[PDB]
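Because only heavy atoms are used, hydrogens play no part in the values below, and waters and symmetry mates are left out as well, while side chains stay in. Sequence lines set the chain letters: A, B, ... in the order given, protein chains first and strands last, and positions in each chain run from 1.
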Amino acid sequence: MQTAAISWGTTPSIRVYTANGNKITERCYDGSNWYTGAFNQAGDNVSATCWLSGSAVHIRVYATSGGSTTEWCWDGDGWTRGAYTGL
Amino acid sequence: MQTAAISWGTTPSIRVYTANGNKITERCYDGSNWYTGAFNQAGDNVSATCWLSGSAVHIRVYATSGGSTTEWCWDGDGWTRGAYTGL
Amino acid sequence: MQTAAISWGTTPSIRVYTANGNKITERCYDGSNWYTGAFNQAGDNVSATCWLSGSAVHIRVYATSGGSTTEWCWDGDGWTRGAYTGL
Ligand SMILES: C[C@@H]1O[C@@H](O)[C@@H](O)[C@H](O)[C@@H]1O
């Protein structure tokens, strides 16, 4: 099992992405109890990074399934496929 | 063997966590030489995130051993278990 | 295959390091297209972190091959081997 961890803002919020059994899932902290996030994509490996637009977060998750990495983007309303490509 | 890397401030301070077998250890830089960190917990995989509130550093390390992830927290006065649970 | 992701700024800039087949390579975004970076070193595992000194980015990439981790540094004028050791 493999994880990635990010955080932002004043609280801060934290997100932890976990890859296990070719599934990546997301656990979330926003100042209170941890909960399960909306992120669900395939992969055996995961990295993530984020930045702020004021108080709004932008997240990029790099989900590797085998020999291919797909970027997934959170920009405030849902996860979308990003433009990232590898070599 | 696997690592996670974090940094903060302008110097900067850097921490590098290494999972080797089922042990995670920590190497530190605060502007002079690399030194040995106090973090020692179990895991075959590690991720980490950090932030400064003013001058106060806060670190969260996600230590995964098999299918279980434990959060360890540094907030200026020792490492303690965080509330994180996985799926 | 395994990745590490960093970002900085508000645009943002993003770098994704991919360890694939005992090599680590880099893909880059600074606001328009993804392009291939100059980073290329051995490794089966990778982590990275970065900071800004004024407007100048500094990156550290921790490349692990087997039981050895090597630090690679970007400070505005090529990648250089860093002083990091695990012990
Ligand atoms: C920042 C967002 O926070 C919650 O809405 C999660 O359900 C999303 O997946 C994302 O992490």
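The stretch residues 55-72 of chain A places none of its residues near chain B, where near means some heavy atom under 4.5 Å from a heavy atom of that chain. Within residues 25-36 of chain A, the residues having any heavy atom under 4.5 Å from a heavy atom of chain B are, by residue number, A:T25, A:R27, A:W34, A:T36.
For the residue pair A:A5 and B:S47, the shortest heavy atom distance occurs at CB-OG, 3.5 Å.
The contact between B:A48 and chain A is made entirely by backbone atoms, counting heavy-atom distances below 4.5 Å. With a 4.5 angstrom heavy-atom cutoff, A:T3 touches chain B via backbone and side-chain atoms both.
Listed options B:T85, B:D44, B:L87, B:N45 were ranked by heavy-atom pairs under 4.5 angstrom with chain A; first place goes to B:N45.
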